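Read the single chain below, which is given as structure tokens and is the form deposited in one PDB entry.
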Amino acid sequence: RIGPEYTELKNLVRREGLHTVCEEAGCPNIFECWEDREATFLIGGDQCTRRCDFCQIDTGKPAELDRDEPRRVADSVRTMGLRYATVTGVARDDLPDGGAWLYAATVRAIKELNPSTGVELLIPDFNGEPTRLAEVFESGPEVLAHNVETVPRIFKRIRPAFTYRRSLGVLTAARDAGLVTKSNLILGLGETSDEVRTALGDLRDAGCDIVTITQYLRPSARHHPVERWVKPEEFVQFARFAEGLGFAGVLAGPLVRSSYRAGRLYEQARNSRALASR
């Protein structure tokens, strides 16, 4: 499963000491994604100011804002010659602007140096603050993603810093700004199949274009227990359900990480968007 483009990329990463989520989180898709020249980057440090029971990011006091991070990310993207880059980060309630500047500047830096690279920006909610969100939207990523992750009943318990309505509102906000929007559902957290169906419906109504539906992998014993393993035939049904609701791009199964096939999904959302308005 090891190809020449994966090989070139790992060489470049090693020699330059570039940090990627792909290597550092031990993602099993790396062979496939790097062959398509797609990679994922973490900004804002690895200590989040919030706590979600499914999430592998540690909660802690974040280090000082590193304003050189955007340049650093854009340079890694350039060095790797990526066709698609995902930028993700933690919540930054310690910062007065929630880290809005950092997210936007990273996108702007990437696009200034990599005009042919599609950029996907996965954001926290910024408290749903219109002016923070507007700052981020203006950066103009190819995809604005904000993952609701689970259904309302479970959401209110294991994402105490968020609300289901505010998050859906982030997606609606991004859709009005003209962005292609994306969200993720994590199955195996205790949700019912019916709750999954209404959540997909909610996301579609919120204006979401791309949805990924994946299996919960419990990070450690301190984290939320796995409530089930979804069968393949069940992922297929959910995927067909989402396609039938009119999502432009749908991916379901053991995806391990939310950025799996991000480039292909964007392409489908862009192709269908062009098709519609032609």
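Each form is matched to the other, and the largest set of C-alpha atoms that superpose within 1.5 Å is called the rigid core. Quick note: we count residues from 1 along the sequence shown, nothing fancier.
The same protein also has a form deposited in another entry, omitted here; what follows describes it.
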Self-check item: Large Cα move at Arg37 between this form and the one not shown, threshold 2 Å, rigid core
Solution: yes
Exercise. Align both forms on the core first, then report whether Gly60 has a C-alpha shift of 2 Å or more between this form and the one not shown.
Key: no
Quiz prompt | Residue shift check between this form and the one not shown, rigid core fit, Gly246 Cα at least 2 Å | solution = no
Quiz prompt | Cα distance between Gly26 and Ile186, which in the other entry differs by 3 Å or more from this form, closer or farther | solution = closer
Practice problem: Note whether the distance between the C-alpha atoms of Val21 and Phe126 decreases (closer) or increases (farther) in the other entry, against the displayed form; the change is 3 Å or more. | Solution: closer
